[PDB]
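The data below hold one chain only, encoded as C-alpha cells and taken in the form deposited in one PDB entry.
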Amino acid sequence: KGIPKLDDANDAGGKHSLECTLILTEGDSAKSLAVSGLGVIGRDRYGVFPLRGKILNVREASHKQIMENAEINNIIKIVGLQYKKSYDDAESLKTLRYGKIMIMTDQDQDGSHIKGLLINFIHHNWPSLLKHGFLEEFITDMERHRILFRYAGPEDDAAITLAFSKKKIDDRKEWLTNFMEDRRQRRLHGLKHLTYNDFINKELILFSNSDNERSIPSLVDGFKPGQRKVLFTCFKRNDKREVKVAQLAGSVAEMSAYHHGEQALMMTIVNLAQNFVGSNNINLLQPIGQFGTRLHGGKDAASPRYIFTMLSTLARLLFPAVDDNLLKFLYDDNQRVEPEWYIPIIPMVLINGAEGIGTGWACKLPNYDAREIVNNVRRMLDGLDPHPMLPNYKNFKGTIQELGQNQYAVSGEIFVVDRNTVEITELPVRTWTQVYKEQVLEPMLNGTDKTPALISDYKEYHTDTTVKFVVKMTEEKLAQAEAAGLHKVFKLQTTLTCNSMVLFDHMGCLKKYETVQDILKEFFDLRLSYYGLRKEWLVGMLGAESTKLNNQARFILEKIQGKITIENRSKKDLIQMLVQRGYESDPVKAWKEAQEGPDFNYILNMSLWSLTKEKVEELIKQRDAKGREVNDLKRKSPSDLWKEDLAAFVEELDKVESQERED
C-alpha cells in the first residue's frame, strides 16, 4: 500500500496469499509486457513490480546500506517478509502476502546477474524459503516459459556463496579459470527445474565472464570492447568537424552493434577525450567543450548533449589506416563491426593506463611516458634491452619514486616560503583540487571533533589546469610540521601499488603481468610481426596496382596508335580481343580475391579524356611512379616501416603538446 509502480495482486494479503505470485521485472518495460500478458484475468493471483538497475549485494553489505536500500525494502514490504524470521514450518508462511516470487529479466547476461542478486538476497536472509521453492523465473505456452528454482542440497548453498561473497574472490578466480580453459578446449573442437548450483555454474558464470570481457582491456591496443567500438566508429566516420558526444554515441551503437544503454557509451567517449592531469597521457579524442577538470576529477563534465568531440590528429598516427587491412574484424548478425583488436605502433595500454573491475579479477595500470616508450621500442629494434620505466603522468610536476616492486611514492609539491607560509603547487596524481581542499585544508583550518587546527589561513590561486595553495601557519606549528615531514603532514604523498596488471593477451587469454617490461615485450614481438604482414601486404597490393596501371597505360597507347580499336565492337568481341592480346583481368581485384570471367572494367571505365595528350602523359607518369613506389617499399624492412611511423608520431606529438602549452 502506497508504493509507486506496484500493481499489487487482488488476492494478495488474504486467504489465498500463498497462491499469489509477485513478478519482479527488469525495468518498467518488462513490467508493462507482464501487465499486458497478465490481466484482466491474471490480476488476482499475480502482482507486478519493476526493479531499475542492479540491486544491492546484501550478503556482506553494511547495516546502513541494507536499511536504506529502496529496492530491498519495497520487496520486503510487498511480500510481507521479516528479517530473522525462519520459515521452517507451514504455519509461519501465513504472514506472507505472496507465496511465490517470479523473477523476469532480459534473456541476457546482465539479466542473469539480477536473477542472481535476487536469489542471493533471499538465500541470505531466508534460506528456509528456498527449500519450499519460493523462487521461479520467466524465460522469454505461458507455462512452458515458467521455470522453477529448486534447492537440492548444500552444494547449492556453496554455489550461491561462491558467486556473491566477498570472501570467495580466490574461488571465483579458479571458477572462471576452469570455465575459460574449458571453453578454449571446446573452441578447438565443438561447442522445468533448475538447481541453484546449475544456475550459478551454467548461467551466472556467463555474466561473470562477459563482465571480464567488457571491463578488462586487451594488452594489444589497451582497449575494452566498448572503447574499441568508439574508435572503430570514429575511424569510419572520418569526421572533419566536431560531433555532439550524444550523437557520436548513437552512431557507435548503429555502426558497431553496441547492445547496451547509451549513457554508458557517452561516459566512455568522455573518458577517452579527457586530458587533465591524471587522466590520459594521450587522448585519442578531442575534448571540445567542458569534459571535466582536475578540480573535480572530471565529475564536472557537462552533459554529453552539449559537448563535442573528434579524433585527435595523433589517433591515425598511432593506429595507421594501412594496418586495418591486417585486423580481424568481428561480426554481429552478418554486420561487420570492430576488430578483435587494433595494433597501435606503441603499447597504448601503458600510455593511458588501464582501469577495470570484473569478476575474479581487476586491472590497474598507471600512465607511462609516450617518449620513453618510443625510445625503448627503438632500443628493442636495435637488439638492445629496454630500460626500466617508472610511471609518468603528462604535466604532473611532482615525483614518482620506486619503493619496492610495483609500488611507488607519488608526491606533490610543497615549499616553505617564510616562517609563516607554505605554498602547495602540485597535488599527487588523482588527488583532485576540490577534494584536497575540502578533506585536507578545511579540517586543517577548522579542526574537527577528532583533530586540532594546524593552519591559520589558506588562499587559492588555481587555474583550470594547475594548483596553487598559499597556507599561513604560526611559526610554532610550521616548525612542528617540518619536523614531522611537510609532505606527510599535508597529505601530499600517496602510494601506488600495481600488483593487479591483468590483461587479455593477443590470443584472448586472461593473464597476470608481473612487470610492465613483460607487457612491453609481448606487445613488441606482436607488433614487429605485424609490420612484417604490413610489408607483405603492401608489396602485393602495390604490385597489383603497378600491373593495373601497366595494362591501362598499354591500352591507351595501343589505342592512340591505332593498334587497337573498340569503336562499335560488341562487348564479347571486345573481351575476347583483349584476352587474345594478353591484357590481364583486373589485377587489384584478382589480388584481393586471392587474399580469401575476365574483368576489363578498370580499362574500359576510363573516361574519353584518357585518350588526350595531357592525360596520356599523366597516365605514363603515374605508371612509372607506382613502379618506383613498389621498389621503394621493397627496400624497406619491417623495422624501417616501424621507425618511419614512430618518427611521424613524435613529430606530431611535439607539435600537439607544444600547442597545448600555448592554447
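Between two forms, the rigid core is the largest collection of C-alphas that superpose within 1.5 Å. Numbers follow the displayed sequence, beginning with 1.
Quick note: we don't show the form deposited in another entry, though the next part is all about it.
**Item:** Sole residue of 390, 409, 374, 560 shifting 2 angstroms or more in CA between this form and the one not shown, core aligned
**Value:** If I go through the list carefully, the shifting residue is 560.
**Prompt:** Superposing on the rigid core, does the Cα of residue 442 end up 2 Å or more away between this form and the one not shown?
**Reply:** Comparing the forms between this form and the one not shown, which are aligned on their rigid core, residue 442 does not shift its C-alpha by 2 Å or more.
**Item:** Did residue 476 shift 2 Å or more between this form and the one not shown, C-alpha, core superposed
**Value:** No, its C-alpha moves less than 2 Å.
**Cα displacement of residue 507 between this form and the one not shown reaching 2 Å, rigid core superposed** = Not so; residue 507 is displaced by less than 2 Å.
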